[PDB]
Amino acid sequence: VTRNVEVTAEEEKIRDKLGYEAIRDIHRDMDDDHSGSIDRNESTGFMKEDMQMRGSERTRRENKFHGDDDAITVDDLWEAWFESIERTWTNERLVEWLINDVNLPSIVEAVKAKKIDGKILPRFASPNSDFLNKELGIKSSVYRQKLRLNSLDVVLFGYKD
């Protein structure tokens, strides 16, 4: 029922439609002037305001997000996410993260049953809150908020800990 095949980022936009659309929603949320690209002022601004990140936490992440690219398009963001090690996380690795970093043991049995993996992280991180609420059944607003922000951090800037 399942086979392992080499796919391109473009092909995966179609196959992982909900993940791509999540990445696109995140990008629109960060793209404050709607230019279609995220600049260094927008990305740090987003960290500062929407992710409530202190100055000392931002510069490392700015560099990871941008590199030498001063203007991150949706395609750029999708490509970086598509290529990321975190997208490859197993269900096991994802549960390890929920326990050790996010501290949300209450959602673990749902995550395990649904067999979701690293590919779900953008949907966790999406400013459209319907997936965490309705699909995973996370009733707590506080819990959703915390998973969303931790997922954003990992989707946008990679895992570090």
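Throughout, we count residues from 1 along the sequence that is shown.
Trainee: Take the C-alpha B-factors listed in the entry for 94-102 and for 62-70, compute each mean, and give the stretch with the larger one.
Mentor: In the deposited entry, the stretch with the higher C-alpha B-factor mean is 62-70.
Trainee: Is the mean CA B factor in the deposited entry higher across 49-57 or across 113-121?
Mentor: So the stretch with the higher mean C-alpha B-factor is 49-57.
Trainee: Name the one of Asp39, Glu135, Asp33, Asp29 with the greatest CA B-factor according to the PDB entry.
Mentor: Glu135 has the highest C-alpha B-factor of those listed.
Trainee: Place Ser140 in the lowest, middle or highest third of its chain's C-alpha B-factors, as listed in the PDB entry.
Mentor: Highest third, going by the recorded CA B-factors of the chain.
Trainee: Ordered by C-alpha B-factor within the chain, which third holds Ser126? Give me lowest, middle or highest, please.
Mentor: Highest third, going by the recorded CA B-factors of the chain.
Trainee: Lowest, middle or highest third: which one holds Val154 when the chain's residues are ordered by CA B-factor from the entry?
Mentor: Its C-alpha B-factor, which the entry lists for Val154, ranks in the lowest third among residues of this chain.
Trainee: Relative to the other modelled residues in the chain, which third contains the C-alpha temperature factor of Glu12: lowest, middle or highest?
Mentor: It falls in the middle third of the chain.
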